[PDB]
Amino acid sequence: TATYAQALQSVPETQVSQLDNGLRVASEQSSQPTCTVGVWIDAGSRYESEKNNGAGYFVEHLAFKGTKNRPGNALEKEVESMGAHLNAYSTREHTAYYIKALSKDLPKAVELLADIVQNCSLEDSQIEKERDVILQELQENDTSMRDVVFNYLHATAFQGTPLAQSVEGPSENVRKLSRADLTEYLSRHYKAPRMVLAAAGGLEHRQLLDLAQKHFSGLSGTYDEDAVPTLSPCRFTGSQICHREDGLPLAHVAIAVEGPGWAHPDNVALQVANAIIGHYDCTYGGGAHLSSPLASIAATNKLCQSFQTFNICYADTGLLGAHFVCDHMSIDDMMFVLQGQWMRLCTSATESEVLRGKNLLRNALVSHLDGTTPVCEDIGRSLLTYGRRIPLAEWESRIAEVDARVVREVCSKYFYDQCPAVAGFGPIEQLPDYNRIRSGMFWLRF
Amino acid sequence: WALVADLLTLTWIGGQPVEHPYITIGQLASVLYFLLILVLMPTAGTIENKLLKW
Amino acid sequence: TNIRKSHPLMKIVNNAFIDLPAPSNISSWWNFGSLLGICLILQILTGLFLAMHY
Amino acid sequence: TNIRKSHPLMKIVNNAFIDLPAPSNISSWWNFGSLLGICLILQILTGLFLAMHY
Amino acid sequence: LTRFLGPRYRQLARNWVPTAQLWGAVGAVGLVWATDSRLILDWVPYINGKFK
Amino acid sequence: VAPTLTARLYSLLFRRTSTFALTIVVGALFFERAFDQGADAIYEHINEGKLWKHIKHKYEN
Amino acid sequence: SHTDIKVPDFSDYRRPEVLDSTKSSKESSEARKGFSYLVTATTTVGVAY
Amino acid sequence: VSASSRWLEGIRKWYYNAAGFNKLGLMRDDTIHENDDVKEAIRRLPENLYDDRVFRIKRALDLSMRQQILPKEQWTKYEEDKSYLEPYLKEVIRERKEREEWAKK
Amino acid sequence: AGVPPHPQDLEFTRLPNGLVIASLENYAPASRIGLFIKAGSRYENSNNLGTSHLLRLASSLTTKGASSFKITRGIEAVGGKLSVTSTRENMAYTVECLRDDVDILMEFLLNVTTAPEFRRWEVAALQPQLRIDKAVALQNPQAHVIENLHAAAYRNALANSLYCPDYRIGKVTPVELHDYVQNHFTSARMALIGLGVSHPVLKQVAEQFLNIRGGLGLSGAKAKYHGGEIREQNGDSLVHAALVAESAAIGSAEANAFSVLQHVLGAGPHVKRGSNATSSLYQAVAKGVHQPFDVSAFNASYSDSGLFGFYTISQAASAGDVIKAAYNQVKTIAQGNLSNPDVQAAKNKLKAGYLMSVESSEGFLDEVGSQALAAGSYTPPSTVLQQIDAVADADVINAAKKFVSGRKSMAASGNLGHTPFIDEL
Ligand code: HEM
Ligand code: HEM
Ligand code: HEM
Ligand code: HEM
């Protein structure tokens, strides 16, 4: 018959092995003809000072434009010709480079990744070409109201801390960053005990460890000692940023309290409550019959174009709340209906709705880990944030634990009577005054 | 109309002394007022529904 | 929905005392409008208790 | 424009006594609502002229 | 009437029971203090000072 | 004193609006006794001997 | 380019427990809400009298 | 089918005639009190039934006002009182009851 | 050892009534079931345009076995999804949940597809969603172009519009949906695909609930290629343009040759922020064009026709130069200027790309379903890679030859002052 609990046991164990220099090498072997290999670096914008805030993003732009062993076109041509896809990203805490390739092409994929990671030929003519490209991207990102509001939310919540900074950096830093600025960041940050070589697909683990000694060895000899860089905690501030712009058709609001951070066991319970509230979009079929009270009232009364809950995680901190996009006249109702939902759950959560939230999460977790790219991403990220790969059976075990009593206790710990960080953009005349938002963070009835 | 007539009965009894016939029919009208509002009229409405197959 | 907005009575209270858009910069000289209302109420409540004996 | 609609005071009078949509078929039994208002006013006007001498 | 009878509502009652208990305490002590209700106030140590 | 007096007062009594109201009500009772009598005691000192409560023992039976 | 928008320094107006960038604000959230609400409780207690 | 079940039917025809909405040309379902289930059932009616309903209500309010009644032949006959709202109203209550069963667990 | 369980094989069954059943026990924590129907936009006619769009939006409406409210609440209770994904040929109703909950979602699935009620008031309430749904899709300039491309190419079925025509919004009737389901949602036009389900169970439900006759027969009226051009003055900063000719029907050997030619010229990017060094069209344009541009080989295959050519995004003034550079690049392949390693690279791109496309259960299920409907069989990846390999360099040149010399179809939007007509290419 094969039950769901039984099926969680069936997924193979992530094999973790450490190299002599500090490079963690981890694999999840499956049956697939393809794979995803990558390097996950514990480096972002939180690691950057005010004077070098665009650095990680600048290196990301240069990482595929030529190495000492493969100049200019060479990397592109090699990856393209074997049918492989080469990708990268940088978040406030993590930088990643990964190849989607055939499993038989795993030797070459690992080799090419090593070249990008260690031997990036940061060519003077190229860093000058890249500055015009990043500047254009900044003008591009301005038009995305969503990207702006979340950047504002980090800026106001994490006021005067490394976390207030965006991944991209400011315009001043993009046009001023030197060749020496980027090599200094690279030497300080791209060090083996802060790197995970992750892989998922039709590969044996022994194959991967061989390749890591074959291509990543040569980051030892002597390392660290003089400059040990550990992250200092980031103070969250209850605050508001309001960018009034009546020329934009719809308002964007992101509201969040301080979350606990990656490691904390009660991230599971917060996520269940975030599932109960869920997310909405004007293209959803459900309408008035949707389970979630906020979603159902929002559809019925045409209260927005969309909303989404989030639990953004950082080391020892994070942002927990909702973002929505709505008409100028609908901001007040939307705040009220959302805040009332946080409070309902904080004081009076019920057994049934909590099981639904548990079920959405089980489904979210399993649907997410589908194919080599999501699993390889989960291997790299988890090794940086948890130290191990948390098996699906354990996630289920930690999900199954969460009753209504858990939800309202954990919700209260973070949501009840707390100062939110509020980010507003667009036609925001009807956006509530901070005091009133603060007032919606408690119930006089309770 | 029983309620209106019953209230007119209570009106009549109010302006009369507390002797023999008036004590009994007075409290008779009194119990009727409350029975007519609380029990009798809510029953008639239910029966009237049944008669219309409603 | 917020009952402060929908309910016919509370609608007035909301539009008059709660959600009314007011200037950010109004002086202590704007306080006397409310103080006159306090004074009119104070005069009604003291005046009545005097009228019970006057 | 019709000032019965625009003017803040006359707006109420128009919505209450003039342009209010009323049922075509209301009995003489609907008259007592206005008659109670007449009676409350009548009582205030006679009551005051009594209070000038009482 | 019959619509409010179910597992969720029993949970919802259990959730608001400590709150509805504490509002009763607010109401009682509130009434006791406002009337100077001697019957109850004869029991409390510092408030006791009203020697006939 | 390890977490602040205010911190332990919020945790125990100011979180819930129920216990916040209860602390105000219980605090109103105890304040009235300490104040009424305390202010009366201050009124005794500025009017020492002048009041009937001081004279009382002069005219007994 | 919207990434130039930094939030102005509020250290001038900040409560002493909210001065440190290194220090989590959670460790003083109870004490700060506590102080401001004690003012409210005492206000009500005085008005109730 | 039965002699006494023909008598319940004749007592029902008696009440129907005593109620006297048929004297104002109304059908039984015209006379229903408008609650939330009812409002929805009216809303769910097809064009032809809604339009007829509107006219019958219009006609009866006009008669009510002028304190008249229809000629005897034009009264709604008990036998042909079409219960047009029945299946609509039954479906709305069916849907409500489900929502309420769901809101219980 | 950290090894997985030995992988099970796909189980395929053609029922005597025409219906296909396919399943794979992958032992996944979640399950996926798709009912794929030969009911795409091409089966609409001029009297009922947009009926399959409203139907796509109607998956949550009252059925005989489950009310609108029940479908929504019951699926969400278990954290499930119900999605309907239309193409020009197909309609796919895909259901998704954890494996303990299949039975509930199957029942919902069967109700939505085999016992919908299309209630008068429910359907009237949903009409405004066609406007919302279209507006959201049509905010990609590509959508309207590829819509105009198909309307220009065909006179017939594939010319149909995928999103409901504006004049039909609020006009598609309950009866039209009833008629669309009765004559397209039949056994011989259907395939039931299961993932994380056992074959006896899927075969059981198909034999119990999916035995439906009395519809239409073949793959509709044979899609008649015509050619022509649709032009949309836009004021949209950049000009989007698609050049296309008739290619090959899906499954044929020639179709595979067109897919290799698509990868020779260049499909999507491979490197995040890359010059696309192996992209034949991109390099050909970039030689002559220095502003922001994009160019890609467009490849569309259907049951009885195909459209191959290219798609361009360029500055309004640069439009003619980009299209002419792109077209001439194809012309050189047609003339015979194509090397063996060139084709090899394209082959690896197509092979690996296909393999990557079926990596997830979302992509695997969609492929098996489309195969079941188009071919009546399942073709394993190893043999698809065999068919890709079978393509000779001459076959690729001939596919280019066929495009260069065939009656063209064009669709363009933006400031078209410098965008060429077919006439001028
Ligand atoms: C029966 C005593 C009165 C009461 C209860 C009263 C009530 C108030 C209130 C509540 C306000 C709004 C708050 C404020 O701006 O002060 C106000 C404003 C105003 N009142 Fe009065 N008022 C009275 C006497 C007067 C008199 C005697 C005048 C003129 C001879 C006056 C003319 C105004 C004006 C012009 C304003 C607008 C002020 C502004 O907002 O700029 N009122 N009144
Ligand atoms: C517009 C608000 C009012 C004003 C400005 C007002 C003003 C005054 C003034 C100036 C006096 C004489 C003061 C004195 O010699 O003690 C007075 C006394 C009096 N008022 Fe009013 N009053 C007002 C409201 C009322 C109302 C509402 C009542 C009736 C409920 C009332 C009943 C009395 C009575 C009985 C006295 C005589 C007793 C006395 O002199 O203390 N007053 N008022
Ligand atoms: C202070 C004496 C009262 C006044 C001045 C008053 C005023 C009125 C007025 C003007 C109307 C509208 C006209 C009409 O339908 O009669 C009305 C209707 C109404 N009143 Fe009163 N009324 C009073 C007493 C009452 C009482 C004692 C009750 C119930 C115990 C009542 C309940 C109603 C209701 C239910 C209506 C709606 C009638 C309808 O339109 O169908 N009122 N009232
Ligand atoms: C709610 C409307 C009112 C009602 C139902 C009402 C009722 C009554 C009744 C039943 C009497 C005794 C009748 C008698 O023996 O002559 C009375 C007398 C009196 N009323 Fe009113 N009244 C009302 C309004 C008022 C008002 C507004 C005033 C003050 C301006 C007032 C002042 C008086 C006075 C001074 C008397 C005594 C003189 C007398 O008995 O004729 N009344 N009222």
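Protein chains in written order, with the deposited numbering: chain A, 1 to 446; chain B, 326 to 379; chain C, 2 to 55; chain D, 2 to 55; chain E, 2 to 53; chain F, 1 to 61; chain G, 1 to 49; chain H, 6 to 110; chain I, 15 to 439. Virtual Cβ for every residue (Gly too), placed ideally from N, Cα, C.
Residue pairing by DSSP places H/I47 opposite no residue, since no beta bridge is assigned to it. Leaving aside the five residues that flank A/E353 on each side, the residues in its chain whose CB is nearer than 7 Å to its CB run, in chain order, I276. Taking every protein chain shown into account, the CB of A/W342 has 16 or more other CB atoms within 10 angstroms, so this residue is buried. When Cβ-Cβ separations below 9 Å define contact, A/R408 makes contact with chain E. At a C-beta separation below 8 Å, A/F442 has no neighbours in chain E, since its nearest C-beta there lies roughly 13 Å away. Looking only at B/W326, B/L328, B/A369, B/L377, the smallest Cα-Cα distance to H/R33 is reached by B/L377. Across the set I/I118, I/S315, I/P283, the C-alpha of I/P283 shows the shortest separation from the C-alpha of I/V309. Within the chosen limit of 8 Å, ligand 1 does not reach the beta carbon of D/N32 with any heavy atom. Across the structure, A/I312 and A/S382 are spaced so that their CA atoms are roughly 15 Å apart.
In this structure, the C-beta of G/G34 stays at least 8 Å away from each heavy atom of ligand 2.
The beta-bridge partner set that DSSP reports for F/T19 is empty. Rounded to the nearest angstrom, the gap between the Cα atoms of A/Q213 and A/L19 is 7 Å. A direct Cα-to-Cα measurement between A/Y47 and A/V117 gives close to 18 Å. For the C-beta of A/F446, the chain F residues within less than 7 Å are, from N- to C-terminus, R16, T17, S18. When rounded, the separation of the alpha-carbon atoms in C/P24 and C/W31 is 11 Å. One residue list follows from the rule of a beta carbon closer than 7 Å to any heavy atom of ligand 2, given in chain order as C/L41, C/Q44, C/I45, C/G48, C/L49, C/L51, C/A52, C/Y55. Contact check between the stretch 152-161 of chain I and the stretch 70-86 of chain I: fewer than three CB pairs, one atom from each, fall below 8 Å, which does not count as touching. For H/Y55, the uninterrupted alpha helix (DSSP H) run begins and ends at 52-71, by DSSP. A check of alpha carbon separations from A/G201 across A/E409, A/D224, A/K100 identifies A/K100 as the nearest.
I/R245 has I/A426 as its beta-bridge partners, per DSSP. Within the same chain, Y168, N170, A171, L172, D318, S319 come within 6 Å of I/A237 by CB-CB distance, once the 5 residues on both sides are set aside. Taking 9 Å as the CB threshold, A/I297 lines the interface with chain C. Closer than 8 Å at the C-beta level to chain H, one finds these residues of the stretch 7-31 of chain E: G7, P8, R9, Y10. Straight through space, the alpha carbons of F/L22 and E/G28 are spaced by roughly 9 Å. Burial state of D/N3 is exposed, judged by a 10 Å Cβ sphere holding fewer than 16 other Cβ atoms. Collapsing the DSSP output to three states places A/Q126 in a helix. Residues of the stretch 59-72 of chain H whose Cβ lies closer than 8 Å to any Cβ of chain D, in chain order: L66, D67, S69, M70. Its Cα nearest to that of C/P22, the residue A/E429 stands out among A/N435, A/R188, A/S178, A/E429. Taking a contact to require three or more Cβ pairs closer than 8 Å, the stretch 86-98 of chain H and the stretch 180-194 of chain A do not qualify as touching.
The DSSP-derived three-state label of A/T385 is helix. In terms of beta-carbon proximity, F/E32 lines the interface with chain G, with at least one pair separated by less than 9 Å. Every beta strand (DSSP E) of 3 residues or more that sits fully in the stretch 225-294 of chain I is shown, in chain order, as 242-247, 252-260. Per DSSP, reduced to three states, the secondary structure at I/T200 is coil, with no helix or strand assignment. Of all residues in the stretch 322-356 of chain A, only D333, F336 place a beta-carbon less than 7 Å from a beta-carbon of chain C. With a beta-carbon spacing of about 4 Å, A/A256 and A/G321 fall inside the 8 Å limit used to define contacts. The Cβ of F/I24 sits closer than 9 Å to at least one Cβ of chain G.
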